[PDB]
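Enquirer: sequence below, structure please.
(3 chains)
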Amino acid sequence: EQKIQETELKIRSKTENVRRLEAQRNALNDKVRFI
Amino acid sequence: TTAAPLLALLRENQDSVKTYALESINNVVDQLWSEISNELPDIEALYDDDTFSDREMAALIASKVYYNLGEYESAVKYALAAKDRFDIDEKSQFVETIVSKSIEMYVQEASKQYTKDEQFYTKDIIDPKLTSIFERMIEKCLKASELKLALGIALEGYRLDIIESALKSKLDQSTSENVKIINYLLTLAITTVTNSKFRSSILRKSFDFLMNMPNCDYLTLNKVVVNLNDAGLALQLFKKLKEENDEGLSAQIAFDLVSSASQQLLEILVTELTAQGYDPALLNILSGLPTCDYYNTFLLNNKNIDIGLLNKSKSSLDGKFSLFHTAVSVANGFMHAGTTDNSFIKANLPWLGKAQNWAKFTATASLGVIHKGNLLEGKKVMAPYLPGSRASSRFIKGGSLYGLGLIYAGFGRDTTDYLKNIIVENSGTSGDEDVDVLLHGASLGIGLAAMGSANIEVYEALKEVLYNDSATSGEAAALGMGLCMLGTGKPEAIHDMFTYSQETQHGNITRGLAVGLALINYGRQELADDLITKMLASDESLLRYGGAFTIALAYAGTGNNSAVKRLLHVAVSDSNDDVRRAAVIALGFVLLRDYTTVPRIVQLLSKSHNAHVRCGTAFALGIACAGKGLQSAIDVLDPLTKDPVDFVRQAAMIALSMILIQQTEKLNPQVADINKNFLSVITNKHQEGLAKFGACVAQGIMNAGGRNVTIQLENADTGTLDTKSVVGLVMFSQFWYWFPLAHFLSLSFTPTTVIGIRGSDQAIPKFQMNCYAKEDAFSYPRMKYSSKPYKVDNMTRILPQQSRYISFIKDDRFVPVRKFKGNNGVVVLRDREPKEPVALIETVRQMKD
Amino acid sequence: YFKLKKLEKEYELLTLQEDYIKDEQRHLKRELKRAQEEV
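Expert: Numbers count the residues shown, from 1 in each chain, chains lettered A, B, ... in the order given. The protein structure is shown below:
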């Protein structure tokens, strides 16, 4: 059962990479509301 | 002890001394490996030496070096080099990683060589070093009585020997163990196995185990026939019903197969079944007669339209052309759907006369949604407007032939010969505009009647209409041919209809051809990529519109990341708002399986500078979330309700109407804000025109079928993608571009009822359950698990979601089987003591037969 | 057994959002072109 758990740990690591999308989306919405 | 001097002494003579030298090394292989690694090349060089007989013990040393070095691929090779010292049963972190690494590399080669040969697991096509550990790991899991890792890896390994051989030894035949085993094999392999041929054999091999029918699960065998679409397995189910005689078990199989099967499989269940013998009680069941009878009668018993709130909506104004009259007519036709109530057309004179010429189509086609399900008097409703009786005009006459298409769809073999004769009369030419209107409703009616069945006569009759380049019926001919080509279809018709789109450039034609080219490819997945590439490479706006729906229908069901990358790049790079709207709507059809991630994607697309992008994501959110959970999608559609754009608020109200069905009475707290906006937006003149026009249908969808019917798409009852439900939702995407298509939505409305009927014929009795249920059916628009019984759980309306806690009382003449099977269309529970009074009440279903 | 099914279901979000953050940068470049027209 460790093969699924160790593979799932990568999803938690890539979860913090999703956080980079919120920084770009909020910066993009500031340009959309400006125009 | 120290392996450093011993490894350098392996270049001398007396190989018998080398045997004793390797004995003391095996202790430090996990310790000094970081040091002696300088002598590692001398270990590998001896393996290829023919005079070196110690390679059995030497393979264990090198297996623990390269592994700790960080190379997982090398640890598999040196471990299986000897095929002796390696012990898979030994429990350690060294062996378990090598096993998991060999399986990971085995799945990559299994998804490739499977195309050339399916027997590769019995042959040398794969190097046995991959299959050596893979075979020993499965045998170790079988001895540990663990079916989670054994069956899960078997689906990834693409080996038919594991599931077939191991299941025979694990048979516990209660007899509920073999049902869950296949359920674990069916659920996982869909999201795991990427080849439709491998999962086709898994369902086929599992049929031979349950073929004896020892009171096993028929729903498991029914999903095999529906997915494979095999005529032999469908007939084989009734072959066993002749040996073992059960009236309850044979019935539930018949009601289930008729709904999920296409038109091609119904011929095997009727025509082919008659030649080999059948059951006189089960013959009419497979013909779809009781299916339509249940939907019409269950809605008539409990029916609340609440016309008080509707009177204030349709009395606001007589202007705004038909957009106001179409909104109230299409919405009201949903409330009476299946109940056969003409009170909107009959009892109210003025609202019919205020309509325009083409507006009379909605008033006439509204009865098609209302009377849908009537196979007897459905023609008498349109009788005055049928050809030969003339009509008030020729614009309204065309809607009568379309009203027969909504009611008789799939049953319209009788009307198929009747509707095509009108097309031939008008196939020559047209001198007036209303002449094509009569041909428009005729081509759409025959397309629905022949929907699901391939007919060369309908394809050739509508092909001559396309040659005339009609600006009205041109789309009707394309939509009619696409419904006959559903499924695999005709490969020749793919390039022929695609050529006519490039030769003839027309808005109402090419757009209909683009949708027609999407319908001809259904479930083909990569087989339709040839047509998708031609649409993406072309810069035409209409060809890019149909490209998304072509991806939507073929890639629906099981999700695919390849279809996501296609729909994402088109909705961004392309500047066409209509194409961006089609790309975001097409994404919902692929996501129908997982409704939890649908709102998260919409939230990313909820903020944009384009209105059509936000309008497309609005309705696409309600497609998958209609009959599913995750009520938080309402808050996603809240900012779209405040959008000053007119058509965005229209699609937002419709999307809210789909999710909020049966969500009232302390289920969803947002039901109070949506009920106020019904009368508020219509009466207020400060809102948008299309905003109040969409709020009419929004109030009509929640009240459709008298608060009863719900939108069910990709559920556990059907087992696969509903053909009639997915096509109707595509037509709604086109509203004010040509003329509202919302009449096609009636295919997705089904009532929610729980009743046992009998074990032989139609009954519809009246009894009581008294099990835990939420309060829904007794909560109608006005002017925690407590194990507490409800008022009446029999029939009524309630909700399919929270009904899972409803049990079945055994104190009556019936008996529970599935412990709330929860299938509203099939119903017909088991009767342990027939020929006893059920307090039966004969319904009006005889009028629908 | 839900750990095996939900494992591959999470990669669909990582697949879309990987190319979706790149589309926001392409949109940001289009907003800069529109910003030059505003001046």
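Enquirer: only C-alpha atoms for contact and neighbour calcs from this point on.
Expert: Fine.
Enquirer: and whichever residue of chain A sits closest to chain B, what helix or strand is that in?
Expert: For chain A and chain B, the shortest gap (C-alpha to the nearest C-alpha) falls at residue A:32, measuring 6.1 Å. Using DSSP states H and E, residue A:32 sits within helix A:2-34.
Enquirer: any part of that helix near chain C?
Expert: Yes. Under the criterion of C-alpha under 8 Å from any C-alpha of the partner chain, chain C is reached by helix A:2-34 at A:4-5, A:7-8, A:11, A:14, A:18, A:21, A:24-25, A:28, A:31-32.
Enquirer: middle-most residue in chain A, spatially?
Expert: For chain A, the residue nearest the mean C-alpha position is residue A:18 (0.4 Å; C-alpha atoms, centre = their mean).
Enquirer: which strand or helix spans the closest residue to it other than its chain neighbours?
Expert: Of all residues not flanking residue A:18 in the chain, residue C:17 sits nearest, at 7.2 Å (C-alpha to C-alpha, 6 or more residues apart in numbering or on different chains). Using DSSP H and E, residue C:17 sits in helix C:11-38.
Enquirer: sorry, back to before: the residue of chain A closest to chain B reaches residue B:609, doesn't it?
Expert: Yes. Taking contacts as C-alpha atoms under 8 Å, residue A:32 lies within contact range of residue B:609: 6.1 Å.
Enquirer: look at the two and report which has more neighbours.
Expert: Set residue A:32 next to residue B:609 and count neighbours by other C-alpha atoms under 10 Å in any protein chain shown: residue A:32 wins out with 16 against 13.
Enquirer: how close does the residue nearest the centre of chain C sit to chain B?
Expert: In chain C, the residue lying closest to the centroid (C-alpha atoms, centre = their mean) is residue C:20, at 1.3 Å. Plainly put, residue C:20 is 8 Å away from chain B if you go by C-alpha to the nearest C-alpha, to the nearest Å.
Enquirer: list the contacts of that residue.
Expert: residue B:568 (C-alpha atoms under 8 Å, 6 or more residues apart in numbering or on different chains).
Enquirer: same question, the one 3 residues further on
Expert: Counting by C-alpha under 8 Å, 6+ apart, residue C:23 touches B:569, B:572.
Enquirer: tell me, how many residues neighbour the closest residue to residue B:370 other than its chain neighbours?
Expert: Leaving aside its sequence neighbours, residue B:370 sits nearest to residue B:337 (C-alpha to C-alpha, 6+ apart; 3.7 Å). Residues near residue B:337, counting by other C-alpha under 10 Å, number 27.
Enquirer: hmm, residue B:337 is touching residue B:373, no?
Expert: No. Contact criterion C-alpha under 8 Å: residue B:337 and residue B:373 do not qualify, at 9.1 Å.
Enquirer: residue B:262 versus the residue most central in space within chain B, what's the distance?
Expert: With distances taken as C-alpha atoms, centre = their mean, residue B:721 lies nearest the centre of chain B, 2.3 Å away. For residue B:721, the distance to residue B:262 equals 11 Å [C-alpha to C-alpha, to the nearest Å].
Enquirer: please apply the same query to residue B:475.
Expert: Using C-alpha to C-alpha, which is the criterion applied here, residue B:475 is 24 Å from residue B:262.
Enquirer: of those two, which one has the most company?
Expert: Set side by side, residue B:475 and residue B:262 show more neighbours around residue B:475, with 26 against 20, by other C-alpha under 10 Å.
Enquirer: what about the closest residue to residue B:1 other than its chain neighbours, neighbour count?
Expert: Spatially, and ignoring its direct neighbours in sequence, residue B:1 is nearest to residue B:24 (5.3 Å; C-alpha to C-alpha, 6+ apart). For residue B:24, the count of nearby residues is 14 (other C-alpha under 10 Å).
Enquirer: need the longest helix for chain B.
Expert: Using DSSP state H, we find that the single longest helix of chain B is helix B:93-113.
Enquirer: give the buried residues for that one.
Expert: B:95-104, B:106-107, B:110-111 (16 or more other C-alpha atoms under 10 Å in any protein chain shown).
Enquirer: out of the residues you listed, which touch chain A?
Expert: residue B:100.
Enquirer: out of the buried residues of helix B:93-113, who's nearest chain A?
Expert: Distances from chain A to the buried residues of helix B:93-113, taken by C-alpha to the nearest C-alpha, are shortest for residue B:100, at 6.8 Å.
Enquirer: where's the closest one relative to residue B:73, distance?
Expert: 11 Å.
Enquirer: which outside residues touch stretch B:795-811?
Expert: Against stretch B:795-811 from outside (C-alpha under 8 Å, 6+ apart): B:298, B:302, B:628-629, B:662, B:707-708, B:751-755, B:769-777, B:793, B:815-816, B:819-820, B:822.
Enquirer: repeat for stretch B:330-343
Expert: B:295-297, B:299-300, B:305, B:344, B:362-363, B:366-367, B:369-373, B:696-701, B:703-707, B:742-743, B:746.
Enquirer: out of those residues, which are inside helices?
Expert: Short answer: those in helices (DSSP H) are B:295-297, B:299-300, B:362-363, B:366-367, B:369-370, B:696-701.
Enquirer: sorry, back to before: give the buried subset of the residues of helix A:2-34 next to chain C as a PyMOL selection command.
Expert: In PyMOL, the members of those classed as buried (16+ other C-alpha under 10 Å) are selected with the following command:
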select buried, chain A and resi 8+11+21+24+25+28+31+32
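Enquirer: any chance of the backbone angles for residue B:245?
Expert: Main-chain torsions, residue B:245, degrees, to the nearest 10: phi -100, psi 110.
Enquirer: try residue B:750
Expert: Backbone torsions of residue B:750, given as degrees, to the nearest 10, read phi -130, psi 140.
Enquirer: and it, how many neighbours?
Expert: 20.
Enquirer: so what's it closest to, chain neighbours aside?
Expert: Sequence neighbours aside, residue B:709 is the residue nearest to residue B:750 in space, at 4.7 Å (criterion: C-alpha to C-alpha, 6+ apart).
Enquirer: with residue B:164 instead?
Expert: Spatially, and ignoring its direct neighbours in sequence, residue B:164 is nearest to residue B:205 (7.0 Å; C-alpha to C-alpha, 6+ apart).
Enquirer: my guess is the one you found meets residue B:165, correct?
Expert: No. Using C-alpha under 8 Å, residue B:205 is not in contact with residue B:165; the gap is 10.5 Å.
Enquirer: which one of those two has more residues nearby?
Expert: Comparing residue B:205 with residue B:165 by neighbour count (other C-alpha under 10 Å), the higher total belongs to residue B:205, at 13 against 10.
Enquirer: I'd like the distance between the more buried one and residue B:161.
Expert: Counting by C-alpha to C-alpha, the gap from residue B:205 to residue B:161 is 11 Å.
Enquirer: surely the residue nearest to residue B:750 touches residue B:752?
Expert: Yes. Checked against C-alpha under 8 Å, the pair residue B:709 and residue B:752 is within contact range at 6.2 Å.
Enquirer: more neighbours: which of these two?
Expert: Neighbours per residue, other C-alpha under 10 Å: of residue B:709 and residue B:752, the larger number sits with residue B:709, 28 against 25.
Enquirer: ok, that one - contacts?
Expert: Contacts of residue B:709 (C-alpha under 8 Å, 6+ apart): B:749, B:750, B:751, B:752.
Enquirer: and residue B:354, what does it touch?
Expert: Residue B:354 sits next to residue B:318 when contact means C-alpha under 8 Å, 6+ apart.
Enquirer: where does the residue in chain B positioned nearest to chain A land in three-state SS?
Expert: Relative to chain A, the nearest point of chain B is residue B:609 (6.1 Å; C-alpha to the nearest C-alpha). Classification of residue B:609 using DSSP: H, G, I helix; E, B strand; the rest coil returns coil.
Enquirer: and residue B:256, by the same measure?
Expert: Per three-state DSSP, the local secondary structure of residue B:256 is helix.
Enquirer: show me the residues around residue B:42 that make contact.
Expert: Residue B:42 neighbours (C-alpha under 8 Å, 6+ apart): B:7, B:8.
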